[PDB]
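As structure tokens, the next two blocks hold two forms of the same chain, structure 1 and structure 2.
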Structure 1
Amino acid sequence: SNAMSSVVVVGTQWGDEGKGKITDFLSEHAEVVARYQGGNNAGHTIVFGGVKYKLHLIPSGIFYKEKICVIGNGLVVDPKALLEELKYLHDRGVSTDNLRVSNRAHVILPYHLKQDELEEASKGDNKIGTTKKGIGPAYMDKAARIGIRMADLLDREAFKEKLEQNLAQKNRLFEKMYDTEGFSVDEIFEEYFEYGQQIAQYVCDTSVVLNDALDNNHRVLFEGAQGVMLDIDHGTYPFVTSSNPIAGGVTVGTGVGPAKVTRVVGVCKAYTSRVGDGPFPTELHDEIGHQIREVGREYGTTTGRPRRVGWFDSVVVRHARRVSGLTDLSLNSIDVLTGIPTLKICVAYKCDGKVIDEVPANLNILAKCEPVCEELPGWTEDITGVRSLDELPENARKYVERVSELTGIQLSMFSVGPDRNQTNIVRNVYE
């Protein structure tokens, strides 16, 4: 490229914004694609070359042999899950020579999965509704500075020593705090060290990889997981994930300076959803909510568990604009709102009679926020083949325009269906 070209794709809501197909789309012209936080709690389905894939840890660019795909230091990586994903790709003829895994990423082990389950049980009605993938406990071990990293996993002596130290504490935790069974040093070592040996070929300093690309004008794309409202700092704490999905997470999570990001695409669904527990001011429980859930396919891919759905919440997206420095808006799933005569967009919260434009930091106060909404007329046309704003039925265009007006973010892309070819470009985010 002419000059530095670096784009971050972030979810502006509580995950499931449709970031996956937007990253897939932007991947087409990127040279490097990088994850920067989270673990296998992430995921999106892609049908590539007529074959269905669901990636959880591996970045979107993997399907293109010539694009470098980076798992940054900011992630928590379950080696077993990573190898299952690699095998799935390989069995379908996808090479993964282009994968790069940070030597400083943290490693999720079986005790993290059990700790996740036990912590959730202990919280009773205050449970977070985590993905049960050990994410929280791995990030806790990182902060505790007892966590095991990829560099350690590759070292026969170091991995054994850290397991011995860690299991000494964790087994006492399980046995004495939770009255349950723990794990075995030797069994975890033998199984997971072998996983490490299969991953070793990809392990390197990924900050060097990304900065070499950035400094030499290669197009770099950063792929966010979860979304701003699940951010450990800026989301609906404690009903959040234990990492930073905001664009800022790219800097700490890959080792790049903050000025090395040129554009931040905030991906918003035309309505909102939550998978786990916690406040959700615009949540719906009516026939419209059911229609949105059904048409939007808002169910767990694996479990079929219904997600919570609600009207678009512009308070949340204006919050995301600020804390994540959003420069560009991608509005997805507009087709899901087809056939609903009156649509609503939440423009403010009412909190004990007081109308506010902020997400309160105090959960008890946020839990009291009632949505204050504008109503907009809907449309009946099938818009799943539409190619431009001009082509949209008047009311659908007005709805799209109103989202950009209310959020203060210029529209750069919109999507009218779940497929990659249903993404329409309004503005180029690469220069």
Structure 2
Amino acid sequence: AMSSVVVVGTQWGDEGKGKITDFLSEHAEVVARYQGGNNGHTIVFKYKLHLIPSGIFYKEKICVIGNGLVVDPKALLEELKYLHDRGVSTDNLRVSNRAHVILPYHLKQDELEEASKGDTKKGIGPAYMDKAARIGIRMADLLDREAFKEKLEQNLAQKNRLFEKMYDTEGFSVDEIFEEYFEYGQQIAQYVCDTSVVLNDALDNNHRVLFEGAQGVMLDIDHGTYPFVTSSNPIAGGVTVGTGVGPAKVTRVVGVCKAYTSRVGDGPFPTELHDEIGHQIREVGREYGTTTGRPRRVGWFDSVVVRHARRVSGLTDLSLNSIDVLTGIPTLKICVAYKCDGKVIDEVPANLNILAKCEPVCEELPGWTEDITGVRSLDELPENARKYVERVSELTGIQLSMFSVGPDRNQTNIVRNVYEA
């Protein structure tokens, strides 16, 4: 009777994973992150979390940072101090002894690599690069005085050559990093353990386990719009590798999807709206970067993209958000296919130059006028709004399990309980 749930955005972020994650967190017994670094979820139990999973506020819930993450131990301690200063207990935290460690040379490397390009702040990329190269320092290494110093000496030998000779800049001595960072590790040691054992024990004993993806599917390093992606795998498959659990133990995957598409980046965007409709969707949907203030690009729901997400991330359940934003639009469109070089295709091209030539083939649906912001069940939707929601499910092949008609908690309507099998 396995009871695990993965929650992930199906698009390029800003899908509203936050509200759904908060909900599923309440009913979880264990909550785990499985990839990424100190990237941010904004809750008021006002709190913002970066590395620590969202179950931390509940004393009884075990929170796991899996082996798939890269951890800045300094930033992690800042995040812990932040919680403690707000009266939040963190004894429920578990940190993987196999997670990789972000060190000061990763931050400098990050800056230097970014400034050399003409086409990335916290050293996450460089940490993942060291992992692939097999020179990375792991949490277990940081906890060993002799091993930490030795790997630090070996890596700085190479990193300092890179800084001094390729980038004409100062490197780091071993003593600028060693005692400072060893001490950080000592403060984290109480949480460090075999997290694969922790998770498998919880899973095998039928506990409710929630895995939280940090970025959206289209930002996946393998399956997203590479290279404008994150440096890891937020797809549900990433859970298996990122925490060390078998694929048979990941039961349900909730894909969080918005009723329309949004993008922050500048890449190809088949269903983009440049007109008054996109203006209305943007204004009503408040599609502006919360920290940057920059407007997001908006466009129609793209079911080619979402079916792609269903395949690569094994989506089983759909949470459809921001449905209210489409009110008062007489003709709604959903992209069902792409016209490319004169051919009709149903795949997301891996080549962005090909993605850029893709014109959407769309279904038109009639819109509605009623304020659906008060709606609390499918039966309360006006006919055209329900038919729109049903069509999204039908087109994507994913069963509806939640829909949202506003930003509030009570405006998330549960159609199906994803913890029960």
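Whichever C-alpha set is largest while still superposing within 1.5 Å between the two forms counts as the rigid core. Residue positions are counted from 1 along structure 1's sequence.
**Q** Please name the one residue from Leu89, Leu284, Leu163, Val256 with a C-alpha displacement of 2 Å or more between structures 1 and 2, using the rigid core for the superposition.
**A** The displaced C-alpha is that of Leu284.
**Q** So, superposing on the core, is the move of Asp335 at the CA at least 2 angstroms between structures 1 and 2?
**A** Where the cores coincide, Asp335 still shows a C-alpha shift between structures 1 and 2 that is 2 Å or more.
**Q** Spell out whether the Cα of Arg172 moves at least 2 Å between structures 1 and 2 when the two forms are superposed on their rigid core.
**A** No; that C-alpha moves by less than 2 Å between structures 1 and 2.
**Q** Compare the position of the CA of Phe63 between structures 1 and 2 after a rigid core fit and state whether the shift reaches 2 Å.
**A** After core superposition, the displacement of the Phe63 C-alpha between structures 1 and 2 stays below 2 Å, so no.
**Q** With the core fitted, just quote the Cα shift at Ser388 between structures 1 and 2, in angstrom to one decimal.
**A** After core superposition, the C-alpha of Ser388 moves 3.1 Å between structures 1 and 2.
**Q** Taking the rigid core as the frame of reference, how far in Å is the Cα of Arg402 displaced between structures 1 and 2?
**A** A shift of 4.1 Å at the C-alpha.
**Q** Just grab the Cα shift of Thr241 between structures 1 and 2 for me, core aligned, in angstrom.
**A** With the cores aligned, its C-alpha sits 1.1 Å away.
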